Structures are given as C-alpha cells and as structure tokens.
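This report concerns only the one structure given below.
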Amino acid sequence: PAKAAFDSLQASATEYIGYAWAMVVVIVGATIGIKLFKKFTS
Amino acid sequence: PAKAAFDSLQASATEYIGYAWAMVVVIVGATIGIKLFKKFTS
Amino acid sequence: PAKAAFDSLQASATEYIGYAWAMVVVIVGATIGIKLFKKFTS
Amino acid sequence: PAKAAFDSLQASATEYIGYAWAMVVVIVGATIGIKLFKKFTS
Amino acid sequence: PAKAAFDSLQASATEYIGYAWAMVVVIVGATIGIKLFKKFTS
Amino acid sequence: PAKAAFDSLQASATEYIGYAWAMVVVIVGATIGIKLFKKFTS
Amino acid sequence: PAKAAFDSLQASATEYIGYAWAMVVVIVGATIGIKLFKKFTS
Amino acid sequence: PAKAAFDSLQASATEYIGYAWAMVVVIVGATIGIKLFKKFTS
Amino acid sequence: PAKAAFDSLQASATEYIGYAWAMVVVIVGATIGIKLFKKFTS
Amino acid sequence: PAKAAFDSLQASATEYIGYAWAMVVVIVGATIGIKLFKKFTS
Amino acid sequence: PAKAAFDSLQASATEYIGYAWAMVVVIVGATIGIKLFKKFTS
C-alpha cells in the first residue's frame, strides 16, 4: 500500500517541482536586475 | 516449494526494480529543474 | 508551512530586487558624471 | 550409507549454491538501478 | 583384541575426518557465493 | 540594518559623485589651456 | 584621506596648468617669428 | 625634474626661434632681389 | 647638425641670390632694347 | 644642372634680344617713311 | 618657327612701307595743287 501511495505522490514530486521553479524565478530575477543597476553605476 | 516460489518471485524483484526507477525519475526531475530556476536567480 | 511561507516571500524577493536597482542607480550615476569631468580635463 | 548419501548430495549443496546466486542477482539488480533513479532526482 | 582393533581404526577416524572436510567445503561454498549475490543486490 | 544603511549612503554615493566632478574640472582645465599655448607656438 | 588629498592637489592641477601655458608660449613664439622670416624670403 | 628641464629649455625654444629668423632672412633676400632683376628684364 | 648645416648654407641662399640677379639682367635687357626698336617703328 | 643651363642660355636671352631689335627696325621704318608721304600730301 | 617667320616678314614690313609712301604721295599731291589754285584766287 505504501509503494502505491508513493506512486500516487510521484507525481506529487512533480507538482512540488513545478512550484520550484517559480519561486526561484523571482529570486533569480532579483538580483539580476539590481546588480545590473550597479553595473551601470560602475 | 519455498525455493521455487522465490525463483518465481525473482523475477518479481525485477518487476519492483523496474518500477523503481520511474518514481525516482520524478523525484530527481523535481528538484533539478526548480533548483535550476534558483540558479538563474543567483 | 515553510514552502508556503517561501511563496509569500517570493514575491518578497521581488521587493528587494526592486530596491536594487535604485541604490545601484546612484552608484552608477556617481561615478559616470565625475569620470566625465576627468575626461574633459584630459 | 548416510555418509555416502551426503557425499552424493554434496555436490547437491553445490547445485543449490549455483542457483543462489541468480536469485540474488535479480534482487541486487533491483534495487541498484531504481536507487540510481532516485540519485538523479536528488 | 578390541583395543588393537580400535588402534587400527584410529587411524580410521582420521580417514573419516579427511572426508569431512570436503563435504563441508561444498556446503560452505554454497552459500557464501550466493549470499554474495544477495549482497550485490542490496 | 545593512540594507537600510546602504540606502542612506546612496545618496552618499551621489555626494561623492558631486565632488567628482569638480576635481576633474580642474584636471581637464589643465591641460586644455596649456596645450592650447603649445598649439599657438606650433 | 586620499580623496581629500586629491582635492588639495586640484587645485594643484590648476597650478601645473598655469605653468602650461607659458612654456608653450615660448615654443609657439618660436617658430612663428622665424617662419615669418622664411615667408619674407619666399 | 623633466618639467623643470623643459622650463629651462623654454627659453631654449626662444633661442632657436631667434636663429630662425636670420636664416630665413637670407632665403627671403634671395630670391626677392634676383626676381627683381627678372622683373626689369620683362 | 642639420640646423648648423642650414646656417652654413644660408649664406648659401645668398650665393644663389647673387647669381639671380645677373641672369635676369640679361632677360630684362632683352627685351627692353628690342621692344624699343619696335617703339621707333610704330 | 638646370640653373647652369639657364646661365648658358642667358646669354641666350641676349642673343634673342639682339635679333629684336632689327625686326622692329624694319617695322618702325615702315611706317615712319610712308606716314611722312601722307604728311606731305596733307 | 614663329620668330623666323617674323624675320621673313620683316622684310615684309619693309614692303608695306615702300607702298606707303606712294599712296600718301597722291594724297599730299592733292591737295597741295588745288589749295594753290585757291591761293591764286585769294
């Protein structure tokens, strides 16, 4: 029953992974733009 | 009879092992993509 | 709860990133103008 | 007669032992491949 | 006559003991190899 | 506290940048006038 | 301390620049008068 | 030391310039007189 | 060495200039006398 | 070589000039005599 | 070639000049005789 549960979840792992991606999109965005401002200044 | 049963199953072990592999495909997928998003951000 | 918290923050990362950008606007400004004065002199 | 019977069997022990080996080949296979999938994911 | 007979046999005990050893070589072989297959799998 | 400190300073960067500009005004002045004397001579 | 030192010097740059000008007055003088002699001749 | 050396020379430039003038006096003389002879002839 | 050479020559320019003058004496002579013959005729 | 050539010619200019003079003797002759005939008539 | 041509002509000028003279002989004749008639009358 546990193996089957893990199968259903796997897929679940894919859901989490989809979310990953967005949060890191914001973090990577940060920083790229603002460091670019710093680039201009230098 | 038990030894023979184990022979039939072995093969059974191979079936389980085939399944292994997919579930871990999802888990390894997770995480690789989303951590890549984080990489971009950094 | 922590994953959700990180979602709320992401967005938070975007806030920080917006700020980045201005501070580096000042630093990049500095220096561009004054180095231009030096350019004239040379 | 029993000692002689055991001699004939010994050899018999070798037959069993040959079989051992295959069943455990499947079990060890299982698991190595699928755990490798998990490795990729991580 | 019985004591002397036992002397002749002793030696006889040594003959049996030589045989022991081989039969148990097969049994110990069995099992070591096949359990090693299982080790790989795990 | 450090981010806020940097905000206050930015502005600070602007102060430095204002100063830049004058020092380089003198250096660029130098040289333009005197090289002009040399121009006359040639 | 170095920025302040440069401020004091700037002004220093202005001193050098004042001198420029005279040396080049002599060089430009040279040559203008004597080339004028050559002009007469031609 | 080089700037000072150039100051001493400037003046040096003035010496050269004084000489200029004489050599070109001869060249300009040449030619003015003799071309005048040609003028008479024409 | 070249400046000095030019000094020696200047003087050289004066030599050439002395010669100028004679050649043009002949050319100016020509022509003045013969055009005078033409004057008589007219 | 050209200056020397011109020297040799100058003299050459004198030759031409000698010729000038005769041709214009004829032209000036013309005209003086015949205009005198006209004078008589008037 | 033109100078030589002019030499040949000069002489040519002398030819014209010879003719001058006759035409003006007629004109000067005119007038002297007839004005003499007028003289008688007065």
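Every chain in the structure tokens takes a letter, A first, then B, and so on in the order presented; its residues are numbered from 1, and the ligands are numbered from 1 following the presented order.
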
Mobile chain G placed on reference chain B by ordered C-alpha fit, as a PDB file with N, CA, C and O atoms, in the first residue's frame:
ATOM      1  N   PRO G   1       9.538 -26.105  -1.931  1.00  0.00           N
ATOM      2  CA  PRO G   1       8.456 -25.293  -2.541  1.00  0.00           C
ATOM      3  C   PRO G   1       8.718 -23.802  -2.369  1.00  0.00           C
ATOM      4  O   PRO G   1       8.394 -22.991  -3.273  1.00  0.00           O
ATOM      5  N   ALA G   2       9.363 -23.487  -1.267  1.00  0.00           N
ATOM      6  CA  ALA G   2       9.688 -22.103  -0.958  1.00  0.00           C
ATOM      7  C   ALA G   2      10.807 -21.554  -1.833  1.00  0.00           C
ATOM      8  O   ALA G   2      10.743 -20.370  -2.252  1.00  0.00           O
ATOM      9  N   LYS G   3      11.769 -22.405  -2.134  1.00  0.00           N
ATOM     10  CA  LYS G   3      12.884 -22.028  -3.017  1.00  0.00           C
ATOM     11  C   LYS G   3      12.375 -21.726  -4.419  1.00  0.00           C
ATOM     12  O   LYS G   3      12.782 -20.705  -5.031  1.00  0.00           O
ATOM     13  N   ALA G   4      11.471 -22.565  -4.869  1.00  0.00           N
ATOM     14  CA  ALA G   4      10.850 -22.421  -6.190  1.00  0.00           C
ATOM     15  C   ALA G   4       9.996 -21.162  -6.265  1.00  0.00           C
ATOM     16  O   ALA G   4       9.985 -20.456  -7.307  1.00  0.00           O
ATOM     17  N   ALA G   5       9.329 -20.899  -5.161  1.00  0.00           N
ATOM     18  CA  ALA G   5       8.473 -19.720  -5.025  1.00  0.00           C
ATOM     19  C   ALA G   5       9.303 -18.449  -5.131  1.00  0.00           C
ATOM     20  O   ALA G   5       8.897 -17.483  -5.828  1.00  0.00           O
ATOM     21  N   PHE G   6      10.477 -18.519  -4.532  1.00  0.00           N
ATOM     22  CA  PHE G   6      11.436 -17.417  -4.566  1.00  0.00           C
ATOM     23  C   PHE G   6      12.006 -17.200  -5.962  1.00  0.00           C
ATOM     24  O   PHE G   6      12.279 -16.032  -6.340  1.00  0.00           O
ATOM     25  N   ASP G   7      12.118 -18.287  -6.709  1.00  0.00           N
ATOM     26  CA  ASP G   7      12.567 -18.211  -8.106  1.00  0.00           C
ATOM     27  C   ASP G   7      11.557 -17.468  -8.967  1.00  0.00           C
ATOM     28  O   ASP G   7      11.948 -16.611  -9.800  1.00  0.00           O
ATOM     29  N   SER G   8      10.299 -17.798  -8.739  1.00  0.00           N
ATOM     30  CA  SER G   8       9.192 -17.181  -9.473  1.00  0.00           C
ATOM     31  C   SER G   8       9.094 -15.700  -9.156  1.00  0.00           C
ATOM     32  O   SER G   8       8.865 -14.871 -10.073  1.00  0.00           O
ATOM     33  N   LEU G   9       9.319 -15.400  -7.894  1.00  0.00           N
ATOM     34  CA  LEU G   9       9.285 -14.020  -7.402  1.00  0.00           C
ATOM     35  C   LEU G   9      10.418 -13.195  -7.996  1.00  0.00           C
ATOM     36  O   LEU G   9      10.216 -11.998  -8.324  1.00  0.00           O
ATOM     37  N   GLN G  10      11.549 -13.849  -8.171  1.00  0.00           N
ATOM     38  CA  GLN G  10      12.745 -13.196  -8.712  1.00  0.00           C
ATOM     39  C   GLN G  10      12.581 -12.864 -10.191  1.00  0.00           C
ATOM     40  O   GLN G  10      12.955 -11.755 -10.645  1.00  0.00           O
ATOM     41  N   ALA G  11      12.543 -12.841 -10.269  1.00  0.00           N
ATOM     42  CA  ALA G  11      11.806 -12.207 -11.368  1.00  0.00           C
ATOM     43  C   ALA G  11      10.876 -11.119 -10.850  1.00  0.00           C
ATOM     44  O   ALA G  11      10.768 -10.023 -11.457  1.00  0.00           O
ATOM     45  N   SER G  12      10.253 -11.422  -9.732  1.00  0.00           N
ATOM     46  CA  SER G  12       9.355 -10.477  -9.070  1.00  0.00           C
ATOM     47  C   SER G  12      10.118  -9.255  -8.592  1.00  0.00           C
ATOM     48  O   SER G  12       9.647  -8.104  -8.780  1.00  0.00           O
ATOM     49  N   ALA G  13      11.310  -9.528  -8.111  1.00  0.00           N
ATOM     50  CA  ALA G  13      12.233  -8.485  -7.666  1.00  0.00           C
ATOM     51  C   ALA G  13      12.581  -7.553  -8.818  1.00  0.00           C
ATOM     52  O   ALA G  13      12.656  -6.313  -8.627  1.00  0.00           O
ATOM     53  N   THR G  14      12.642  -8.138  -9.999  1.00  0.00           N
ATOM     54  CA  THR G  14      12.928  -7.388 -11.226  1.00  0.00           C
ATOM     55  C   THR G  14      11.779  -6.457 -11.603  1.00  0.00           C
ATOM     56  O   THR G  14      12.025  -5.328 -12.100  1.00  0.00           O
ATOM     57  N   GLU G  15      10.569  -6.897 -11.303  1.00  0.00           N
ATOM     58  CA  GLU G  15       9.365  -6.089 -11.564  1.00  0.00           C
ATOM     59  C   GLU G  15       9.335  -4.826 -10.711  1.00  0.00           C
ATOM     60  O   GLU G  15       9.200  -3.706 -11.263  1.00  0.00           O
ATOM     61  N   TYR G  16       9.586  -5.021  -9.424  1.00  0.00           N
ATOM     62  CA  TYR G  16       9.691  -3.938  -8.426  1.00  0.00           C
ATOM     63  C   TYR G  16      10.758  -2.932  -8.842  1.00  0.00           C
ATOM     64  O   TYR G  16      10.562  -1.694  -8.738  1.00  0.00           O
ATOM     65  N   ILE G  17      11.854  -3.498  -9.280  1.00  0.00           N
ATOM     66  CA  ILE G  17      13.031  -2.739  -9.685  1.00  0.00           C
ATOM     67  C   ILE G  17      12.778  -1.880 -10.917  1.00  0.00           C
ATOM     68  O   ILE G  17      13.250  -0.716 -10.974  1.00  0.00           O
ATOM     69  N   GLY G  18      11.919  -2.375 -11.784  1.00  0.00           N
ATOM     70  CA  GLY G  18      11.512  -1.624 -12.976  1.00  0.00           C
ATOM     71  C   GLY G  18      10.703  -0.391 -12.597  1.00  0.00           C
ATOM     72  O   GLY G  18      10.963   0.730 -13.106  1.00  0.00           O
ATOM     73  N   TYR G  19       9.838  -0.601 -11.619  1.00  0.00           N
ATOM     74  CA  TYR G  19       9.012   0.468 -11.046  1.00  0.00           C
ATOM     75  C   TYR G  19       9.890   1.522 -10.384  1.00  0.00           C
ATOM     76  O   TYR G  19       9.542   2.733 -10.391  1.00  0.00           O
ATOM     77  N   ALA G  20      11.012   1.071  -9.861  1.00  0.00           N
ATOM     78  CA  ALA G  20      11.961   1.980  -9.212  1.00  0.00           C
ATOM     79  C   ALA G  20      12.605   2.928 -10.212  1.00  0.00           C
ATOM     80  O   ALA G  20      12.576   4.164  -9.997  1.00  0.00           O
ATOM     81  N   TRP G  21      12.300   2.772 -10.488  1.00  0.00           N
ATOM     82  CA  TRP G  21      13.157   3.601 -11.346  1.00  0.00           C
ATOM     83  C   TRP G  21      12.413   4.848 -11.811  1.00  0.00           C
ATOM     84  O   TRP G  21      12.975   5.969 -11.766  1.00  0.00           O
ATOM     85  N   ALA G  22      11.142   4.655 -12.118  1.00  0.00           N
ATOM     86  CA  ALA G  22      10.253   5.740 -12.569  1.00  0.00           C
ATOM     87  C   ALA G  22       9.948   6.771 -11.488  1.00  0.00           C
ATOM     88  O   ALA G  22       9.871   7.993 -11.774  1.00  0.00           O
ATOM     89  N   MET G  23       9.676   6.263 -10.302  1.00  0.00           N
ATOM     90  CA  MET G  23       9.281   7.111  -9.175  1.00  0.00           C
ATOM     91  C   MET G  23      10.401   8.077  -8.830  1.00  0.00           C
ATOM     92  O   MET G  23      10.213   9.315  -8.730  1.00  0.00           O
ATOM     93  N   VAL G  24      11.581   7.506  -8.859  1.00  0.00           N
ATOM     94  CA  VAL G  24      12.812   8.255  -8.648  1.00  0.00           C
ATOM     95  C   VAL G  24      13.125   9.175  -9.824  1.00  0.00           C
ATOM     96  O   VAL G  24      13.707  10.265  -9.608  1.00  0.00           O
ATOM     97  N   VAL G  25      12.583   8.848 -10.991  1.00  0.00           N
ATOM     98  CA  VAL G  25      12.695   9.752 -12.150  1.00  0.00           C
ATOM     99  C   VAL G  25      11.964  11.065 -11.898  1.00  0.00           C
ATOM    100  O   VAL G  25      12.514  12.152 -12.216  1.00  0.00           O
ATOM    101  N   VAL G  26      10.820  10.963 -11.244  1.00  0.00           N
ATOM    102  CA  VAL G  26      10.017  12.147 -10.912  1.00  0.00           C
ATOM    103  C   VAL G  26      10.669  12.995  -9.827  1.00  0.00           C
ATOM    104  O   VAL G  26      10.709  14.247  -9.950  1.00  0.00           O
ATOM    105  N   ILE G  27      11.184  12.315  -8.825  1.00  0.00           N
ATOM    106  CA  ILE G  27      11.818  12.975  -7.681  1.00  0.00           C
ATOM    107  C   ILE G  27      13.101  13.690  -8.082  1.00  0.00           C
ATOM    108  O   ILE G  27      13.308  14.873  -7.707  1.00  0.00           O
ATOM    109  N   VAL G  28      13.872  13.021  -8.909  1.00  0.00           N
ATOM    110  CA  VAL G  28      15.114  13.591  -9.424  1.00  0.00           C
ATOM    111  C   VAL G  28      14.838  14.711 -10.414  1.00  0.00           C
ATOM    112  O   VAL G  28      15.578  15.725 -10.417  1.00  0.00           O
ATOM    113  N   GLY G  29      13.718  14.597 -11.101  1.00  0.00           N
ATOM    114  CA  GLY G  29      13.287  15.652 -12.025  1.00  0.00           C
ATOM    115  C   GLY G  29      12.971  16.934 -11.273  1.00  0.00           C
ATOM    116  O   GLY G  29      13.396  18.044 -11.689  1.00  0.00           O
ATOM    117  N   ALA G  30      12.343  16.728 -10.137  1.00  0.00           N
ATOM    118  CA  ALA G  30      11.977  17.808  -9.222  1.00  0.00           C
ATOM    119  C   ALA G  30      13.220  18.478  -8.650  1.00  0.00           C
ATOM    120  O   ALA G  30      13.305  19.730  -8.629  1.00  0.00           O
ATOM    121  N   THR G  31      13.199  18.542  -8.754  1.00  0.00           N
ATOM    122  CA  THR G  31      14.232  19.200  -7.951  1.00  0.00           C
ATOM    123  C   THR G  31      15.362  19.766  -8.805  1.00  0.00           C
ATOM    124  O   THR G  31      15.871  20.872  -8.507  1.00  0.00           O
ATOM    125  N   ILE G  32      15.681  19.071  -9.875  1.00  0.00           N
ATOM    126  CA  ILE G  32      16.741  19.534 -10.776  1.00  0.00           C
ATOM    127  C   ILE G  32      16.343  20.802 -11.520  1.00  0.00           C
ATOM    128  O   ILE G  32      17.119  21.791 -11.524  1.00  0.00           O
ATOM    129  N   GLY G  33      15.117  20.801 -12.005  1.00  0.00           N
ATOM    130  CA  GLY G  33      14.550  21.934 -12.745  1.00  0.00           C
ATOM    131  C   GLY G  33      14.392  23.178 -11.877  1.00  0.00           C
ATOM    132  O   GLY G  33      14.785  24.293 -12.294  1.00  0.00           O
ATOM    133  N   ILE G  34      13.772  22.987 -10.734  1.00  0.00           N
ATOM    134  CA  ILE G  34      13.476  24.088  -9.813  1.00  0.00           C
ATOM    135  C   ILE G  34      14.740  24.677  -9.201  1.00  0.00           C
ATOM    136  O   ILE G  34      14.877  25.925  -9.131  1.00  0.00           O
ATOM    137  N   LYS G  35      15.691  23.814  -8.908  1.00  0.00           N
ATOM    138  CA  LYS G  35      16.978  24.306  -8.408  1.00  0.00           C
ATOM    139  C   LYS G  35      17.720  25.066  -9.491  1.00  0.00           C
ATOM    140  O   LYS G  35      18.452  26.032  -9.158  1.00  0.00           O
ATOM    141  N   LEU G  36      17.409  24.725 -10.728  1.00  0.00           N
ATOM    142  CA  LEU G  36      17.936  25.477 -11.869  1.00  0.00           C
ATOM    143  C   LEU G  36      17.348  26.879 -11.947  1.00  0.00           C
ATOM    144  O   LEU G  36      18.111  27.827 -12.244  1.00  0.00           O
ATOM    145  N   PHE G  37      16.071  27.018 -11.608  1.00  0.00           N
ATOM    146  CA  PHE G  37      15.413  28.345 -11.532  1.00  0.00           C
ATOM    147  C   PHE G  37      16.137  29.233 -10.528  1.00  0.00           C
ATOM    148  O   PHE G  37      16.445  30.417 -10.819  1.00  0.00           O
ATOM    149  N   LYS G  38      16.464  28.616  -9.410  1.00  0.00           N
ATOM    150  CA  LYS G  38      17.209  29.265  -8.326  1.00  0.00           C
ATOM    151  C   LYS G  38      18.600  29.673  -8.785  1.00  0.00           C
ATOM    152  O   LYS G  38      19.100  30.759  -8.386  1.00  0.00           O
ATOM    153  N   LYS G  39      19.163  28.833  -9.634  1.00  0.00           N
ATOM    154  CA  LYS G  39      20.485  29.107 -10.205  1.00  0.00           C
ATOM    155  C   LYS G  39      20.455  30.378 -11.038  1.00  0.00           C
ATOM    156  O   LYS G  39      21.330  31.252 -10.824  1.00  0.00           O
ATOM    157  N   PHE G  40      19.429  30.506 -11.863  1.00  0.00           N
ATOM    158  CA  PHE G  40      19.238  31.693 -12.717  1.00  0.00           C
ATOM    159  C   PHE G  40      19.187  32.967 -11.890  1.00  0.00           C
ATOM    160  O   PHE G  40      19.856  33.977 -12.237  1.00  0.00           O
ATOM    161  N   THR G  41      18.400  32.884 -10.838  1.00  0.00           N
ATOM    162  CA  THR G  41      18.152  33.996  -9.918  1.00  0.00           C
ATOM    163  C   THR G  41      19.437  34.483  -9.263  1.00  0.00           C
ATOM    164  O   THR G  41      19.709  35.711  -9.252  1.00  0.00           O
ATOM    165  N   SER G  42      20.239  33.532  -8.839  1.00  0.00           N
ATOM    166  CA  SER G  42      21.515  33.847  -8.197  1.00  0.00           C
ATOM    167  C   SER G  42      22.511  34.446  -9.177  1.00  0.00           C
ATOM    168  O   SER G  42      23.290  35.355  -8.792  1.00  0.00           O
TER     169      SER G  42
END
